[PDB]
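Novice: Structure: coords_8.txt, compact mmCIF, N, CA and C atoms.
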# COMPACT_ATOMS: atom_id res chain seq x y z
N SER A 1 16.23 -54.76 -91.40
CA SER A 1 16.94 -53.51 -91.14
C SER A 1 18.25 -53.78 -90.40
N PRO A 2 19.17 -52.81 -90.46
CA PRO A 2 20.48 -52.92 -89.80
C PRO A 2 20.37 -52.86 -88.28
N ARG A 3 21.41 -53.31 -87.60
CA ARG A 3 21.43 -53.30 -86.14
C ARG A 3 22.84 -53.05 -85.61
N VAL A 4 22.93 -52.38 -84.47
CA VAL A 4 24.22 -52.07 -83.86
C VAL A 4 24.15 -52.16 -82.34
N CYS A 5 24.74 -53.22 -81.79
CA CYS A 5 24.75 -53.42 -80.35
C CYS A 5 26.10 -53.93 -79.87
N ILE A 6 26.38 -53.74 -78.58
CA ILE A 6 27.65 -54.18 -78.01
C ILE A 6 27.43 -54.84 -76.65
N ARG A 7 28.20 -55.89 -76.38
CA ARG A 7 28.09 -56.61 -75.12
C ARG A 7 29.40 -56.55 -74.34
N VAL A 8 29.31 -56.18 -73.07
CA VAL A 8 30.49 -56.08 -72.21
C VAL A 8 30.22 -56.64 -70.82
N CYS A 9 31.25 -57.18 -70.19
CA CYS A 9 31.13 -57.75 -68.86
C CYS A 9 32.34 -57.41 -68.00
N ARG A 10 32.08 -56.87 -66.81
CA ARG A 10 33.15 -56.49 -65.90
C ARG A 10 32.80 -56.88 -64.46
N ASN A 11 33.80 -57.35 -63.72
CA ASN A 11 33.60 -57.76 -62.34
C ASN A 11 32.32 -58.58 -62.19
N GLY A 12 32.03 -59.39 -63.21
CA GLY A 12 30.84 -60.22 -63.18
C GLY A 12 29.63 -59.52 -63.77
N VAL A 13 29.50 -58.22 -63.50
CA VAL A 13 28.38 -57.44 -64.02
C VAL A 13 28.39 -57.40 -65.54
N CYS A 14 27.24 -57.67 -66.14
CA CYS A 14 27.11 -57.66 -67.59
C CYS A 14 26.00 -56.71 -68.04
N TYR A 15 26.13 -56.19 -69.26
CA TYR A 15 25.14 -55.27 -69.80
C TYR A 15 25.37 -55.05 -71.29
N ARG A 16 24.29 -54.76 -72.02
CA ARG A 16 24.37 -54.53 -73.45
C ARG A 16 23.85 -53.14 -73.80
N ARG A 17 24.46 -52.52 -74.81
CA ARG A 17 24.06 -51.19 -75.25
C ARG A 17 23.91 -51.13 -76.77
N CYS A 18 22.89 -50.42 -77.23
CA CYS A 18 22.64 -50.28 -78.66
C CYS A 18 22.47 -48.82 -79.05
N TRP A 19 22.70 -48.52 -80.32
CA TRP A 19 22.57 -47.15 -80.82
C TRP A 19 21.64 -47.10 -82.03
N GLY A 20 20.84 -46.04 -82.11
CA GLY A 20 19.91 -45.90 -83.22
C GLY A 20 18.54 -45.45 -82.77
N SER B 101 35.93 -63.94 -65.49
CA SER B 101 36.80 -63.03 -66.24
C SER B 101 35.97 -62.08 -67.10
N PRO B 102 36.59 -60.96 -67.51
CA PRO B 102 35.93 -59.95 -68.34
C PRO B 102 35.67 -60.44 -69.76
N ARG B 103 34.78 -59.75 -70.46
CA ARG B 103 34.43 -60.12 -71.83
C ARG B 103 34.13 -58.88 -72.66
N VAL B 104 34.46 -58.94 -73.95
CA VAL B 104 34.22 -57.82 -74.86
C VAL B 104 33.80 -58.32 -76.24
N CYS B 105 32.52 -58.14 -76.56
CA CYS B 105 31.99 -58.57 -77.85
C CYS B 105 31.03 -57.53 -78.41
N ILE B 106 30.83 -57.57 -79.73
CA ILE B 106 29.93 -56.63 -80.39
C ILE B 106 29.09 -57.33 -81.45
N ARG B 107 27.83 -56.90 -81.58
CA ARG B 107 26.93 -57.49 -82.56
C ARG B 107 26.49 -56.45 -83.59
N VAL B 108 26.61 -56.80 -84.87
CA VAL B 108 26.22 -55.89 -85.94
C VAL B 108 25.50 -56.64 -87.05
N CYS B 109 24.60 -55.94 -87.74
CA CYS B 109 23.84 -56.54 -88.83
C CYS B 109 23.75 -55.58 -90.02
N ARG B 110 24.11 -56.08 -91.20
CA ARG B 110 24.07 -55.27 -92.41
C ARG B 110 23.50 -56.07 -93.58
N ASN B 111 22.71 -55.40 -94.41
CA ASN B 111 22.09 -56.05 -95.57
C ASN B 111 21.55 -57.43 -95.19
N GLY B 112 21.02 -57.54 -93.98
CA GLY B 112 20.48 -58.81 -93.52
C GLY B 112 21.52 -59.68 -92.85
N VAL B 113 22.73 -59.69 -93.40
CA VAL B 113 23.82 -60.49 -92.85
C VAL B 113 24.21 -60.00 -91.47
N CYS B 114 24.33 -60.93 -90.53
CA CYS B 114 24.70 -60.60 -89.16
C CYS B 114 25.95 -61.35 -88.73
N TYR B 115 26.68 -60.79 -87.77
CA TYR B 115 27.90 -61.40 -87.28
C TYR B 115 28.39 -60.71 -86.01
N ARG B 116 29.08 -61.46 -85.16
CA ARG B 116 29.60 -60.92 -83.91
C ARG B 116 31.12 -61.04 -83.86
N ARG B 117 31.77 -60.06 -83.24
CA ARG B 117 33.22 -60.05 -83.12
C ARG B 117 33.65 -59.75 -81.69
N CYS B 118 34.69 -60.44 -81.23
CA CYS B 118 35.20 -60.24 -79.88
C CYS B 118 36.71 -60.00 -79.89
N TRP B 119 37.21 -59.37 -78.84
CA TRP B 119 38.64 -59.08 -78.73
C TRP B 119 39.20 -59.60 -77.42
N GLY B 120 40.42 -60.12 -77.47
CA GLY B 120 41.06 -60.65 -76.27
C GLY B 120 41.75 -61.97 -76.52
Output the structure of this file as structure tokens.
Specialist:
Amino acid sequence: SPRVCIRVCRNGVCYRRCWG
Amino acid sequence: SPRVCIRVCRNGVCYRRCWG
């Protein structure tokens, strides 16, 4: 199946977000 | 330093793209 996620990092802090 | 990347998957094929 398809997948949609994004990775971002700021001031050292990192986190990932997905939709669906 | 900051980072900006995204992960997507379609028809099984997957790939990641970044900007900067």
Novice: Please run DSSP on the backbone and report, as an NGL selection string, all residues within chain B that come out as strand (DSSP E or B).
Specialist: :B and (103-110 or 113-118)
Novice: Give one line per residue of chain A that approaches segment 103-117 of chain B to at most 6 Å, naming the two atoms of the closest pair and their distance in Å to one decimal, counting only C-alpha atoms; sort by chain then ascending residue number and deliver it as a tab-separated table.
Specialist:
residue	atom	partner	partner_atom	distance
A:2	CA	B:110	CA	5.0
A:3	CA	B:109	CA	4.9
A:4	CA	B:108	CA	4.8
A:5	CA	B:107	CA	5.1
A:6	CA	B:106	CA	4.1
A:7	CA	B:105	CA	5.1
A:8	CA	B:104	CA	4.9
A:9	CA	B:103	CA	5.0
Novice: In Å, with one decimal, what is the gap from atom CA of residue 101 of chain B to atom CA of residue 18 of chain A?
Specialist: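 Here the two named atoms are 22.7 Å from each other.
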Novice: Mind fitting chain B onto chain A over all Cα atoms in sequence order and sending the result as an mmCIF file with N, CA and C atoms, in the frame of the given file?
Specialist:
data_model
loop_
_atom_site.group_PDB
_atom_site.id
_atom_site.type_symbol
_atom_site.label_atom_id
_atom_site.label_comp_id
_atom_site.auth_asym_id
_atom_site.auth_seq_id
_atom_site.Cartn_x
_atom_site.Cartn_y
_atom_site.Cartn_z
ATOM 1 N N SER B 101 16.085 -54.408 -91.371
ATOM 2 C CA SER B 101 16.852 -53.190 -91.095
ATOM 3 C C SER B 101 18.150 -53.526 -90.365
ATOM 4 N N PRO B 102 19.113 -52.590 -90.411
ATOM 5 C CA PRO B 102 20.414 -52.762 -89.761
ATOM 6 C C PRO B 102 20.317 -52.723 -88.240
ATOM 7 N N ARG B 103 21.355 -53.216 -87.578
ATOM 8 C CA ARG B 103 21.385 -53.249 -86.117
ATOM 9 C C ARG B 103 22.802 -53.034 -85.605
ATOM 10 N N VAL B 104 22.918 -52.384 -84.447
ATOM 11 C CA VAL B 104 24.222 -52.117 -83.841
ATOM 12 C C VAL B 104 24.152 -52.241 -82.321
ATOM 13 N N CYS B 105 24.741 -53.314 -81.796
ATOM 14 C CA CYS B 105 24.748 -53.550 -80.356
ATOM 15 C C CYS B 105 26.106 -54.071 -79.904
ATOM 16 N N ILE B 106 26.394 -53.905 -78.610
ATOM 17 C CA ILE B 106 27.661 -54.364 -78.050
ATOM 18 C C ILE B 106 27.453 -55.012 -76.688
ATOM 19 N N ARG B 107 28.233 -56.064 -76.413
ATOM 20 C CA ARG B 107 28.129 -56.767 -75.143
ATOM 21 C C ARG B 107 29.438 -56.672 -74.360
ATOM 22 N N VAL B 108 29.338 -56.285 -73.088
ATOM 23 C CA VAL B 108 30.520 -56.160 -72.244
ATOM 24 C C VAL B 108 30.243 -56.693 -70.847
ATOM 25 N N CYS B 109 31.290 -57.195 -70.194
ATOM 26 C CA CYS B 109 31.161 -57.739 -68.848
ATOM 27 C C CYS B 109 32.331 -57.289 -67.967
ATOM 28 N N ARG B 110 32.003 -56.737 -66.801
ATOM 29 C CA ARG B 110 33.022 -56.268 -65.872
ATOM 30 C C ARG B 110 32.669 -56.655 -64.437
ATOM 31 N N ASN B 111 33.686 -57.023 -63.669
ATOM 32 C CA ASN B 111 33.486 -57.427 -62.273
ATOM 33 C C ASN B 111 32.262 -58.336 -62.146
ATOM 34 N N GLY B 112 32.058 -59.188 -63.141
ATOM 35 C CA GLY B 112 30.921 -60.096 -63.118
ATOM 36 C C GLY B 112 29.679 -59.494 -63.736
ATOM 37 N N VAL B 113 29.447 -58.211 -63.474
ATOM 38 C CA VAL B 113 28.281 -57.514 -64.008
ATOM 39 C C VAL B 113 28.351 -57.420 -65.519
ATOM 40 N N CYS B 114 27.252 -57.767 -66.179
ATOM 41 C CA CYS B 114 27.179 -57.724 -67.634
ATOM 42 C C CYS B 114 26.040 -56.833 -68.103
ATOM 43 N N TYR B 115 26.167 -56.291 -69.310
ATOM 44 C CA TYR B 115 25.156 -55.414 -69.867
ATOM 45 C C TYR B 115 25.408 -55.153 -71.349
ATOM 46 N N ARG B 116 24.338 -54.902 -72.094
ATOM 47 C CA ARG B 116 24.445 -54.640 -73.524
ATOM 48 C C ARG B 116 23.901 -53.255 -73.862
ATOM 49 N N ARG B 117 24.514 -52.604 -74.845
ATOM 50 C CA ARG B 117 24.097 -51.276 -75.269
ATOM 51 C C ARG B 117 23.967 -51.199 -76.784
ATOM 52 N N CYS B 118 22.936 -50.500 -77.253
ATOM 53 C CA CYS B 118 22.706 -50.349 -78.684
ATOM 54 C C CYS B 118 22.515 -48.879 -79.060
ATOM 55 N N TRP B 119 22.753 -48.562 -80.321
ATOM 56 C CA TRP B 119 22.606 -47.189 -80.806
ATOM 57 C C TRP B 119 21.695 -47.136 -82.017
ATOM 58 N N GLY B 120 20.879 -46.092 -82.091
ATOM 59 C CA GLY B 120 19.958 -45.936 -83.213
ATOM 60 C C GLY B 120 18.579 -45.507 -82.771
#
